[PDB]
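> Okay, so here is structure_30.pdb, and as you'll see once you scroll down, it has PDB, C-alpha atoms.
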```pdb
ATOM      1  CA  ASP Z   1     -31.724 -11.650   7.709  1.00  0.00           C
ATOM      2  CA  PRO Z   2     -30.199  -8.199   8.376  1.00  0.00           C
ATOM      3  CA  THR Z   3     -29.817  -7.529   4.641  1.00  0.00           C
ATOM      4  CA  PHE Z   4     -33.509  -6.779   4.203  1.00  0.00           C
ATOM      5  CA  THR Z   5     -33.864  -4.793   7.427  1.00  0.00           C
ATOM      6  CA  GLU Z   6     -30.698  -2.677   7.273  1.00  0.00           C
ATOM      7  CA  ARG Z   7     -32.473   0.448   5.982  1.00  0.00           C
ATOM      8  CA  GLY Z   8     -35.093   0.338   8.708  1.00  0.00           C
ATOM      9  CA  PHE Z   9     -38.730  -0.388   7.988  1.00  0.00           C
ATOM     10  CA  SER Z  10     -40.397   1.375   5.073  1.00  0.00           C
ATOM     11  CA  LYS Z  11     -43.418   0.795   2.843  1.00  0.00           C
ATOM     12  CA  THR Z  12     -41.473  -0.902   0.048  1.00  0.00           C
ATOM     13  CA  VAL Z  13     -39.422  -3.047   2.410  1.00  0.00           C
ATOM     14  CA  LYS Z  14     -42.553  -4.167   4.272  1.00  0.00           C
ATOM     15  CA  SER Z  15     -44.134  -5.013   0.935  1.00  0.00           C
ATOM     16  CA  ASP Z  16     -41.148  -7.056  -0.220  1.00  0.00           C
ATOM     17  CA  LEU Z  17     -41.168  -8.848   3.134  1.00  0.00           C
ATOM     18  CA  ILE Z  18     -44.841  -9.730   2.563  1.00  0.00           C
ATOM     19  CA  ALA Z  19     -44.013 -10.946  -0.957  1.00  0.00           C
ATOM     20  CA  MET Z  20     -41.240 -13.177   0.371  1.00  0.00           C
ATOM     21  CA  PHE Z  21     -43.616 -14.425   3.077  1.00  0.00           C
ATOM     22  CA  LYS Z  22     -45.857 -15.584   0.226  1.00  0.00           C
ATOM     23  CA  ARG Z  23     -42.960 -17.111  -1.744  1.00  0.00           C
ATOM     24  CA  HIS Z  24     -41.477 -19.069   1.156  1.00  0.00           C
ATOM     25  CA  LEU Z  25     -44.980 -20.071   2.239  1.00  0.00           C
ATOM     26  CA  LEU Z  26     -45.652 -21.664  -1.140  1.00  0.00           C
ATOM     27  CA  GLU Z  27     -42.227 -23.169  -1.590  1.00  0.00           C
ATOM     28  CA  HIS Z  28     -40.565 -24.406   1.612  1.00  0.00           C
ATOM     29  CA  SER Z  29     -43.431 -25.675   3.737  1.00  0.00           C
ATOM     30  CA  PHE Z  30     -43.710 -29.456   4.287  1.00  0.00           C
ATOM     31  CA  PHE Z  31     -40.065 -29.810   3.259  1.00  0.00           C
ATOM     32  CA  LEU Z  32     -39.742 -33.347   4.609  1.00  0.00           C
ATOM     33  CA  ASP Z  33     -42.683 -34.445   2.464  1.00  0.00           C
ATOM     34  CA  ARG Z  34     -41.085 -32.852  -0.606  1.00  0.00           C
ATOM     35  CA  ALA Z  35     -37.857 -34.696   0.288  1.00  0.00           C
ATOM     36  CA  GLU Z  36     -39.455 -37.864  -1.122  1.00  0.00           C
ATOM     37  CA  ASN Z  37     -39.622 -36.582  -4.713  1.00  0.00           C
ATOM     38  CA  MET Z  38     -36.061 -35.195  -4.683  1.00  0.00           C
ATOM     39  CA  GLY Z  39     -34.557 -38.670  -4.437  1.00  0.00           C
ATOM     40  CA  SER Z  40     -30.764 -38.269  -4.406  1.00  0.00           C
ATOM     41  CA  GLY Z  41     -31.056 -35.062  -2.322  1.00  0.00           C
ATOM     42  CA  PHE Z  42     -31.795 -37.088   0.875  1.00  0.00           C
ATOM     43  CA  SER Z  43     -29.361 -35.556   3.359  1.00  0.00           C
ATOM     44  CA  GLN Z  44     -28.146 -32.189   2.061  1.00  0.00           C
ATOM     45  CA  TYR Z  45     -31.587 -30.589   1.821  1.00  0.00           C
ATOM     46  CA  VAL Z  46     -32.575 -31.571   5.368  1.00  0.00           C
ATOM     47  CA  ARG Z  47     -29.182 -30.395   6.651  1.00  0.00           C
ATOM     48  CA  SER Z  48     -29.620 -27.030   4.929  1.00  0.00           C
ATOM     49  CA  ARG Z  49     -33.177 -26.639   6.260  1.00  0.00           C
TER      50      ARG Z  49
ATOM     51  CA  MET O   1       6.795  46.230  -1.088  1.00  0.00           C
ATOM     52  CA  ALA O   2       4.423  43.394  -0.274  1.00  0.00           C
ATOM     53  CA  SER O   3       4.336  42.172   3.323  1.00  0.00           C
ATOM     54  CA  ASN O   4       5.287  38.498   3.079  1.00  0.00           C
ATOM     55  CA  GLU O   5       7.639  37.649   0.217  1.00  0.00           C
ATOM     56  CA  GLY O   6      10.589  35.719   1.644  1.00  0.00           C
ATOM     57  CA  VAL O   7       9.286  35.957   5.195  1.00  0.00           C
ATOM     58  CA  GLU O   8       9.119  32.402   6.516  1.00  0.00           C
ATOM     59  CA  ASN O   9       7.603  32.388  10.002  1.00  0.00           C
ATOM     60  CA  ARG O  10       8.850  28.912  10.878  1.00  0.00           C
ATOM     61  CA  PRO O  11      10.237  28.706  14.426  1.00  0.00           C
ATOM     62  CA  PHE O  12      13.951  28.658  13.545  1.00  0.00           C
ATOM     63  CA  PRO O  13      16.316  28.485  16.527  1.00  0.00           C
ATOM     64  CA  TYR O  14      17.488  32.089  16.101  1.00  0.00           C
ATOM     65  CA  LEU O  15      20.829  33.396  17.337  1.00  0.00           C
ATOM     66  CA  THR O  16      21.104  35.991  20.075  1.00  0.00           C
ATOM     67  CA  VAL O  17      22.978  39.054  18.823  1.00  0.00           C
ATOM     68  CA  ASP O  18      24.251  41.596  21.343  1.00  0.00           C
ATOM     69  CA  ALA O  19      23.787  44.623  19.049  1.00  0.00           C
ATOM     70  CA  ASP O  20      20.610  46.702  18.954  1.00  0.00           C
ATOM     71  CA  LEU O  21      18.519  46.920  15.792  1.00  0.00           C
ATOM     72  CA  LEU O  22      15.513  48.990  16.902  1.00  0.00           C
ATOM     73  CA  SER O  23      17.030  52.438  16.243  1.00  0.00           C
ATOM     74  CA  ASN O  24      14.402  54.198  14.079  1.00  0.00           C
ATOM     75  CA  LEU O  25      12.878  50.864  13.104  1.00  0.00           C
ATOM     76  CA  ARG O  26       9.325  52.254  12.977  1.00  0.00           C
ATOM     77  CA  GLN O  27      10.135  55.078  10.555  1.00  0.00           C
ATOM     78  CA  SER O  28      12.306  52.819   8.392  1.00  0.00           C
ATOM     79  CA  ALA O  29       9.376  50.398   8.355  1.00  0.00           C
ATOM     80  CA  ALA O  30       7.123  53.273   7.315  1.00  0.00           C
ATOM     81  CA  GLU O  31       9.250  54.401   4.375  1.00  0.00           C
ATOM     82  CA  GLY O  32      10.245  51.016   3.000  1.00  0.00           C
ATOM     83  CA  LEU O  33      14.026  51.039   3.586  1.00  0.00           C
ATOM     84  CA  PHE O  34      14.346  47.252   3.680  1.00  0.00           C
ATOM     85  CA  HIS O  35      12.111  45.078   1.521  1.00  0.00           C
ATOM     86  CA  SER O  36      10.227  41.870   2.412  1.00  0.00           C
ATOM     87  CA  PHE O  37       9.227  42.898   5.938  1.00  0.00           C
ATOM     88  CA  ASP O  38       6.342  41.728   8.079  1.00  0.00           C
ATOM     89  CA  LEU O  39       4.916  43.300  11.212  1.00  0.00           C
ATOM     90  CA  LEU O  40       3.723  40.683  13.686  1.00  0.00           C
ATOM     91  CA  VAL O  41       1.280  41.973  16.279  1.00  0.00           C
ATOM     92  CA  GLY O  42       1.412  40.514  19.777  1.00  0.00           C
ATOM     93  CA  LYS O  43      -1.515  38.095  19.481  1.00  0.00           C
ATOM     94  CA  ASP O  44       0.133  36.523  16.417  1.00  0.00           C
ATOM     95  CA  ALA O  45       3.638  36.964  17.870  1.00  0.00           C
ATOM     96  CA  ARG O  46       4.181  33.307  18.696  1.00  0.00           C
ATOM     97  CA  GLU O  47       5.959  30.213  17.501  1.00  0.00           C
ATOM     98  CA  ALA O  48       4.061  28.908  14.511  1.00  0.00           C
ATOM     99  CA  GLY O  49       2.576  25.470  14.179  1.00  0.00           C
ATOM    100  CA  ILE O  50       4.982  23.015  12.595  1.00  0.00           C
ATOM    101  CA  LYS O  51       3.935  21.584   9.212  1.00  0.00           C
ATOM    102  CA  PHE O  52       5.574  19.294   6.673  1.00  0.00           C
ATOM    103  CA  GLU O  53       5.140  17.277   3.495  1.00  0.00           C
ATOM    104  CA  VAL O  54       6.664  13.813   3.311  1.00  0.00           C
ATOM    105  CA  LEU O  55       8.303  11.826   0.523  1.00  0.00           C
ATOM    106  CA  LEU O  56       7.035   8.352   1.324  1.00  0.00           C
ATOM    107  CA  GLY O  57       9.324   6.423  -0.981  1.00  0.00           C
ATOM    108  CA  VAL O  58      11.552   6.162  -4.013  1.00  0.00           C
ATOM    109  CA  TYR O  59      11.456   2.861  -5.875  1.00  0.00           C
ATOM    110  CA  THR O  60      13.242   1.862  -9.057  1.00  0.00           C
ATOM    111  CA  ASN O  61      12.439  -0.881 -11.556  1.00  0.00           C
ATOM    112  CA  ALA O  62      15.136  -3.553 -11.358  1.00  0.00           C
ATOM    113  CA  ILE O  63      15.675  -5.395 -14.637  1.00  0.00           C
ATOM    114  CA  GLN O  64      16.802  -8.981 -14.313  1.00  0.00           C
ATOM    115  CA  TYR O  65      19.119 -10.429 -16.927  1.00  0.00           C
ATOM    116  CA  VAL O  66      17.724 -13.051 -19.288  1.00  0.00           C
ATOM    117  CA  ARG O  67      20.130 -15.584 -20.785  1.00  0.00           C
ATOM    118  CA  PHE O  68      19.193 -17.515 -23.912  1.00  0.00           C
ATOM    119  CA  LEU O  69      21.232 -20.478 -22.708  1.00  0.00           C
ATOM    120  CA  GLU O  70      19.096 -20.819 -19.566  1.00  0.00           C
ATOM    121  CA  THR O  71      15.754 -20.820 -21.369  1.00  0.00           C
ATOM    122  CA  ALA O  72      14.454 -24.175 -22.564  1.00  0.00           C
ATOM    123  CA  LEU O  73      14.119 -22.933 -26.173  1.00  0.00           C
ATOM    124  CA  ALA O  74      17.839 -23.709 -26.497  1.00  0.00           C
ATOM    125  CA  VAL O  75      16.901 -27.413 -26.124  1.00  0.00           C
ATOM    126  CA  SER O  76      16.002 -27.071 -29.812  1.00  0.00           C
ATOM    127  CA  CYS O  77      19.390 -25.599 -30.723  1.00  0.00           C
ATOM    128  CA  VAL O  78      23.113 -26.254 -30.409  1.00  0.00           C
ATOM    129  CA  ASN O  79      25.051 -23.090 -29.619  1.00  0.00           C
ATOM    130  CA  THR O  80      28.648 -22.813 -30.782  1.00  0.00           C
ATOM    131  CA  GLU O  81      30.608 -19.626 -30.198  1.00  0.00           C
ATOM    132  CA  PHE O  82      32.349 -18.507 -33.359  1.00  0.00           C
ATOM    133  CA  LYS O  83      35.253 -16.079 -32.967  1.00  0.00           C
ATOM    134  CA  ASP O  84      35.359 -14.465 -36.422  1.00  0.00           C
ATOM    135  CA  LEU O  85      31.854 -14.647 -37.870  1.00  0.00           C
ATOM    136  CA  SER O  86      32.318 -11.900 -40.479  1.00  0.00           C
ATOM    137  CA  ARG O  87      35.165 -13.824 -42.107  1.00  0.00           C
ATOM    138  CA  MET O  88      32.776 -16.636 -43.063  1.00  0.00           C
ATOM    139  CA  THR O  89      30.881 -15.932 -46.257  1.00  0.00           C
ATOM    140  CA  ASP O  90      28.942 -19.230 -46.195  1.00  0.00           C
ATOM    141  CA  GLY O  91      28.874 -22.426 -44.188  1.00  0.00           C
ATOM    142  CA  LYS O  92      28.087 -25.813 -45.698  1.00  0.00           C
ATOM    143  CA  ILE O  93      26.756 -29.159 -44.516  1.00  0.00           C
ATOM    144  CA  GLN O  94      26.471 -32.002 -47.021  1.00  0.00           C
ATOM    145  CA  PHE O  95      24.449 -35.207 -46.628  1.00  0.00           C
ATOM    146  CA  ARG O  96      25.361 -38.486 -48.335  1.00  0.00           C
ATOM    147  CA  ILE O  97      22.783 -41.265 -47.960  1.00  0.00           C
ATOM    148  CA  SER O  98      22.744 -44.791 -49.413  1.00  0.00           C
ATOM    149  CA  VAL O  99      19.384 -46.585 -49.443  1.00  0.00           C
TER     150      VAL O  99
ATOM    151  CA  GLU L   1      -8.826 -27.363   3.546  1.00  0.00           C
ATOM    152  CA  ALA L   2      -8.350 -27.573   7.307  1.00  0.00           C
ATOM    153  CA  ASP L   3      -5.929 -24.696   7.778  1.00  0.00           C
ATOM    154  CA  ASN L   4      -8.062 -21.790   9.209  1.00  0.00           C
ATOM    155  CA  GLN L   5      -4.923 -20.127  10.650  1.00  0.00           C
ATOM    156  CA  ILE L   6      -2.208 -17.701   9.499  1.00  0.00           C
ATOM    157  CA  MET L   7       0.865 -16.267  11.266  1.00  0.00           C
ATOM    158  CA  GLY L   8       0.777 -12.483  11.314  1.00  0.00           C
ATOM    159  CA  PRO L   9       2.438  -9.554  13.071  1.00  0.00           C
ATOM    160  CA  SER L  10       1.039  -8.470  16.407  1.00  0.00           C
ATOM    161  CA  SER L  11       1.868  -4.779  16.008  1.00  0.00           C
ATOM    162  CA  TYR L  12       2.139  -1.927  13.533  1.00  0.00           C
ATOM    163  CA  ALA L  13       5.488  -0.964  12.047  1.00  0.00           C
ATOM    164  CA  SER L  14       6.560   2.182  13.885  1.00  0.00           C
ATOM    165  CA  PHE L  15       7.734   5.269  12.006  1.00  0.00           C
ATOM    166  CA  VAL L  16       8.564   8.229  14.235  1.00  0.00           C
ATOM    167  CA  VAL L  17      10.132  11.636  13.601  1.00  0.00           C
ATOM    168  CA  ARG L  18      13.816  11.698  14.527  1.00  0.00           C
ATOM    169  CA  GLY L  19      15.866  14.868  15.067  1.00  0.00           C
ATOM    170  CA  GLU L  20      17.465  14.673  11.619  1.00  0.00           C
ATOM    171  CA  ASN L  21      13.974  14.701  10.150  1.00  0.00           C
ATOM    172  CA  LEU L  22      13.036  17.388  12.673  1.00  0.00           C
ATOM    173  CA  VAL L  23      15.607  19.978  11.562  1.00  0.00           C
ATOM    174  CA  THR L  24      14.321  19.648   8.000  1.00  0.00           C
ATOM    175  CA  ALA L  25      10.738  19.838   9.299  1.00  0.00           C
ATOM    176  CA  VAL L  26      11.383  23.091  11.139  1.00  0.00           C
ATOM    177  CA  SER L  27      13.786  24.670   8.649  1.00  0.00           C
ATOM    178  CA  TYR L  28      12.174  23.836   5.296  1.00  0.00           C
ATOM    179  CA  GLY L  29       8.836  22.172   6.020  1.00  0.00           C
ATOM    180  CA  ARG L  30       9.844  18.843   4.472  1.00  0.00           C
ATOM    181  CA  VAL L  31      10.566  15.409   5.902  1.00  0.00           C
ATOM    182  CA  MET L  32      11.810  12.404   3.969  1.00  0.00           C
ATOM    183  CA  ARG L  33      10.817   8.925   5.077  1.00  0.00           C
ATOM    184  CA  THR L  34      13.785   7.278   6.811  1.00  0.00           C
ATOM    185  CA  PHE L  35      16.317  10.057   6.104  1.00  0.00           C
ATOM    186  CA  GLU L  36      19.076   7.783   7.439  1.00  0.00           C
ATOM    187  CA  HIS L  37      18.682   5.476   4.418  1.00  0.00           C
ATOM    188  CA  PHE L  38      19.226   8.361   2.006  1.00  0.00           C
ATOM    189  CA  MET L  39      22.223   9.721   3.893  1.00  0.00           C
ATOM    190  CA  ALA L  40      23.805   6.257   4.131  1.00  0.00           C
ATOM    191  CA  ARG L  41      23.273   5.842   0.392  1.00  0.00           C
ATOM    192  CA  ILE L  42      24.610   9.260  -0.613  1.00  0.00           C
ATOM    193  CA  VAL L  43      27.446  10.250   1.688  1.00  0.00           C
ATOM    194  CA  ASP L  44      28.793   6.942   3.069  1.00  0.00           C
ATOM    195  CA  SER L  45      29.048   4.449   0.174  1.00  0.00           C
ATOM    196  CA  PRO L  46      28.926   6.616  -2.970  1.00  0.00           C
ATOM    197  CA  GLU L  47      28.653   3.997  -5.704  1.00  0.00           C
ATOM    198  CA  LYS L  48      26.801   0.998  -4.113  1.00  0.00           C
ATOM    199  CA  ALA L  49      25.259  -0.197  -7.404  1.00  0.00           C
ATOM    200  CA  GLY L  50      21.531  -0.905  -7.269  1.00  0.00           C
ATOM    201  CA  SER L  51      20.693  -4.404  -6.115  1.00  0.00           C
ATOM    202  CA  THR L  52      17.464  -6.063  -5.026  1.00  0.00           C
ATOM    203  CA  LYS L  53      19.025  -8.182  -2.267  1.00  0.00           C
ATOM    204  CA  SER L  54      20.942  -5.193  -0.897  1.00  0.00           C
ATOM    205  CA  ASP L  55      17.763  -3.101  -0.804  1.00  0.00           C
ATOM    206  CA  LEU L  56      15.601  -5.791   0.848  1.00  0.00           C
ATOM    207  CA  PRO L  57      16.436  -4.587   4.407  1.00  0.00           C
ATOM    208  CA  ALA L  58      15.759  -1.012   3.293  1.00  0.00           C
ATOM    209  CA  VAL L  59      12.301  -1.425   1.722  1.00  0.00           C
ATOM    210  CA  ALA L  60      10.870  -3.175   4.794  1.00  0.00           C
ATOM    211  CA  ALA L  61      10.786  -0.668   7.658  1.00  0.00           C
ATOM    212  CA  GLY L  62      10.822  -3.175  10.490  1.00  0.00           C
ATOM    213  CA  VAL L  63       7.787  -5.156   9.314  1.00  0.00           C
ATOM    214  CA  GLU L  64       9.867  -8.357   9.171  1.00  0.00           C
ATOM    215  CA  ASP L  65      11.238  -7.836  12.694  1.00  0.00           C
ATOM    216  CA  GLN L  66       7.814  -8.151  14.350  1.00  0.00           C
ATOM    217  CA  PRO L  67       6.837 -11.207  16.417  1.00  0.00           C
ATOM    218  CA  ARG L  68       4.262 -13.561  14.929  1.00  0.00           C
ATOM    219  CA  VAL L  69       0.868 -14.583  16.308  1.00  0.00           C
ATOM    220  CA  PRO L  70      -1.827 -17.077  15.155  1.00  0.00           C
ATOM    221  CA  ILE L  71      -4.790 -15.646  13.220  1.00  0.00           C
ATOM    222  CA  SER L  72      -8.109 -17.430  12.657  1.00  0.00           C
ATOM    223  CA  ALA L  73      -9.545 -17.334   9.103  1.00  0.00           C
ATOM    224  CA  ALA L  74      -9.998 -20.055   6.511  1.00  0.00           C
ATOM    225  CA  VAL L  75      -8.168 -20.383   3.187  1.00  0.00           C
ATOM    226  CA  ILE L  76      -8.734 -22.129  -0.136  1.00  0.00           C
ATOM    227  CA  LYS L  77      -6.223 -23.334  -2.715  1.00  0.00           C
ATOM    228  CA  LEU L  78      -7.117 -21.629  -5.978  1.00  0.00           C
ATOM    229  CA  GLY L  79      -4.616 -23.431  -8.166  1.00  0.00           C
ATOM    230  CA  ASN L  80      -1.328 -22.511  -6.536  1.00  0.00           C
ATOM    231  CA  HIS L  81      -2.516 -19.489  -4.542  1.00  0.00           C
ATOM    232  CA  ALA L  82      -3.612 -20.072  -0.953  1.00  0.00           C
ATOM    233  CA  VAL L  83      -6.118 -17.268  -0.456  1.00  0.00           C
ATOM    234  CA  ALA L  84      -7.963 -16.276   2.715  1.00  0.00           C
ATOM    235  CA  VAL L  85     -11.769 -16.037   2.672  1.00  0.00           C
ATOM    236  CA  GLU L  86     -13.891 -14.313   5.310  1.00  0.00           C
ATOM    237  CA  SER L  87     -16.805 -11.994   5.988  1.00  0.00           C
ATOM    238  CA  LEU L  88     -17.202  -8.872   8.102  1.00  0.00           C
ATOM    239  CA  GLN L  89     -20.997  -8.895   8.355  1.00  0.00           C
ATOM    240  CA  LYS L  90     -21.355  -9.619  12.096  1.00  0.00           C
ATOM    241  CA  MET L  91     -19.442  -6.562  13.334  1.00  0.00           C
ATOM    242  CA  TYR L  92     -21.782  -4.353  11.293  1.00  0.00           C
ATOM    243  CA  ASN L  93     -24.926  -6.255  12.254  1.00  0.00           C
ATOM    244  CA  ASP L  94     -23.983  -5.386  15.835  1.00  0.00           C
ATOM    245  CA  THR L  95     -24.223  -1.673  15.006  1.00  0.00           C
ATOM    246  CA  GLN L  96     -27.314  -1.750  12.705  1.00  0.00           C
ATOM    247  CA  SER L  97     -25.435  -0.325   9.733  1.00  0.00           C
ATOM    248  CA  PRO L  98     -25.765  -1.478   6.103  1.00  0.00           C
ATOM    249  CA  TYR L  99     -23.092  -3.967   5.198  1.00  0.00           C
TER     250      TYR L  99
END
```
Would it be possible to restate this file's structure as structure tokens?

Amino acid sequence: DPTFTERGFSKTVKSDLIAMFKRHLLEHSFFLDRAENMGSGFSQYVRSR
Amino acid sequence: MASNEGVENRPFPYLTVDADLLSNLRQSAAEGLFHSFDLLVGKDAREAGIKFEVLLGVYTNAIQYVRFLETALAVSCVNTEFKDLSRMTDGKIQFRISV
Amino acid sequence: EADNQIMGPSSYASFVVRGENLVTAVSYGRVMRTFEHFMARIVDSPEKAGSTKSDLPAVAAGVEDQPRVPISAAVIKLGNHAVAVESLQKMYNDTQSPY
């Protein structure tokens, strides 16, 4: 994403990148396994991923 | 007087006049015989750059006519033209119903 | 809505300085946009009462005369208005500037 990196690399931007690393690591790993619980979201979630 | 008052240095296409005007022009310039005079030295003795301001447009509000008879509100009315309206004091419509 | 196309002009509308503008530019430092319109309104047909349809050739300075060309961008129908939707992010991502 060029939105986060448009200002070049700085301390705060690197820190927010690490925070979003943590967020996406907790949330959108094993997405196909979490597709079971979603039910009616069969296709659209896998297409978006 | 002051140097530049009515002196416009725009590059007008001047006319060539046969007569000579330089007779005692320096001393007359020194005293002030003719007002609103500028001396242009040789380095600034050139045609000036050409500059302008521009009126981009003139636009006027155009008011369309509105007729009552063409609006749908007149569905709810019946419009009769009445030549001498002031002559009528009152109009009257009377309803007789048997049940 | 599978439209993703528009017909637009392939060139700018040209406005250039004519000689009639040029004499006013040199002499007074003013130009008026399309002088010929004002002179045709004032000196040729003096009355020519103000009308929208009569002024429709005047207001458009050759924009309608341009040839058309297909343009690629999608549209949506918000109610009655067909409105074009696009982004310009890629041409600024190429240059590493903030969008």
> Excluding range 24-40 of chain L and residues on its chain fewer than 4 positions from it, collect all residues at most 9 Å away from it, counting only C-alpha atoms, and give them as a PDB file with C-alpha atoms, in the coordinates of the input.

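Here's the written file around30.pdb:
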```
ATOM      1  CA  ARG O  10       8.850  28.912  10.878  1.00  0.00           C
ATOM      2  CA  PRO O  11      10.237  28.706  14.426  1.00  0.00           C
ATOM      3  CA  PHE O  12      13.951  28.658  13.545  1.00  0.00           C
ATOM      4  CA  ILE O  50       4.982  23.015  12.595  1.00  0.00           C
ATOM      5  CA  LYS O  51       3.935  21.584   9.212  1.00  0.00           C
ATOM      6  CA  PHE O  52       5.574  19.294   6.673  1.00  0.00           C
ATOM      7  CA  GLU O  53       5.140  17.277   3.495  1.00  0.00           C
ATOM      8  CA  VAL O  54       6.664  13.813   3.311  1.00  0.00           C
ATOM      9  CA  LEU O  55       8.303  11.826   0.523  1.00  0.00           C
ATOM     10  CA  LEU O  56       7.035   8.352   1.324  1.00  0.00           C
ATOM     11  CA  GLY O  57       9.324   6.423  -0.981  1.00  0.00           C
TER      12      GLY O  57
ATOM     13  CA  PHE L  15       7.734   5.269  12.006  1.00  0.00           C
ATOM     14  CA  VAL L  17      10.132  11.636  13.601  1.00  0.00           C
ATOM     15  CA  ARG L  18      13.816  11.698  14.527  1.00  0.00           C
ATOM     16  CA  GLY L  19      15.866  14.868  15.067  1.00  0.00           C
ATOM     17  CA  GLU L  20      17.465  14.673  11.619  1.00  0.00           C
ATOM     18  CA  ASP L  44      28.793   6.942   3.069  1.00  0.00           C
ATOM     19  CA  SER L  45      29.048   4.449   0.174  1.00  0.00           C
ATOM     20  CA  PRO L  46      28.926   6.616  -2.970  1.00  0.00           C
ATOM     21  CA  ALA L  58      15.759  -1.012   3.293  1.00  0.00           C
ATOM     22  CA  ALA L  61      10.786  -0.668   7.658  1.00  0.00           C
TER      23      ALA L  61
END
```
> For residue 90 in chain L, please output as a PyMOL selection string all residues within 12 Å (counting all atoms listed in the file; exclusion window: fewer than 5 positions along the same chain).
(chain Z and resi 1-3) or (chain L and resi 95-99)
> Hey, what's within 10 Å of residue 2 in chain L if we count only C-alpha atoms and toss same-chain stuff fewer than 3 positions away? As a PDB file with C-alpha atoms, keeping the file's coordinate frame, please?

```pdb
ATOM      1  CA  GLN L   5      -4.923 -20.127  10.650  1.00  0.00           C
ATOM      2  CA  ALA L  74      -9.998 -20.055   6.511  1.00  0.00           C
ATOM      3  CA  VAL L  75      -8.168 -20.383   3.187  1.00  0.00           C
ATOM      4  CA  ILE L  76      -8.734 -22.129  -0.136  1.00  0.00           C
TER       5      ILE L  76
END
```
> In Å to one decimal, how far is CA of residue 24 in chain Z from CA of residue 45 in chain Z?
15.2 Å
> Got a sec to check which residues sit within 6 Å of (-36.2, -7.6, 5.4), counting all atoms listed in the file, and write them as a PyMOL selection string?
chain Z and resi 4-5+17
> Report, in Å to a single decimal, how far apart CA of residue 30 in chain Z and CA of residue 14 in chain Z are.
25.3 Å
> For residue 62 in chain O, please output as a ChimeraX atom specification all residues within 12 Å (counting all atoms listed in the file; exclusion window: fewer than 4 positions along the same chain).
/L:49-53,55
> CA of residue 37 in chain Z to CA of residue 23 in chain Z: how many Å, to one decimal?
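Answer for the CA of residue 37 in chain Z to CA of residue 23 in chain Z separation: 20.0 Å.
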> Show which residues sit within 8 Å of residue 35 in chain Z, as an MDAnalysis selection string. Count all atoms listed in the file, and ignore same-chain residues fewer than 6 positions away.
chainID Z and resid 41:42 45:46
> Using the chain letters and numbers from the file, give me the residues hit by the PyMOL selection byres ((chain L and resi 65) around 12), as an mmCIF file with C-alpha atoms, keeping the file's coordinate frame.

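This is the output file expr39.cif:
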```cif
data_model
loop_
_atom_site.group_PDB
_atom_site.id
_atom_site.type_symbol
_atom_site.label_atom_id
_atom_site.label_comp_id
_atom_site.auth_asym_id
_atom_site.auth_seq_id
_atom_site.Cartn_x
_atom_site.Cartn_y
_atom_site.Cartn_z
ATOM 1 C CA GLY L 8 0.777 -12.483 11.314
ATOM 2 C CA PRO L 9 2.438 -9.554 13.071
ATOM 3 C CA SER L 10 1.039 -8.470 16.407
ATOM 4 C CA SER L 11 1.868 -4.779 16.008
ATOM 5 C CA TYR L 12 2.139 -1.927 13.533
ATOM 6 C CA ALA L 13 5.488 -0.964 12.047
ATOM 7 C CA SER L 14 6.560 2.182 13.885
ATOM 8 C CA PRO L 57 16.436 -4.587 4.407
ATOM 9 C CA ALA L 60 10.870 -3.175 4.794
ATOM 10 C CA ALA L 61 10.786 -0.668 7.658
ATOM 11 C CA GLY L 62 10.822 -3.175 10.490
ATOM 12 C CA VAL L 63 7.787 -5.156 9.314
ATOM 13 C CA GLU L 64 9.867 -8.357 9.171
ATOM 14 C CA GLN L 66 7.814 -8.151 14.350
ATOM 15 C CA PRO L 67 6.837 -11.207 16.417
ATOM 16 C CA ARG L 68 4.262 -13.561 14.929
#
```
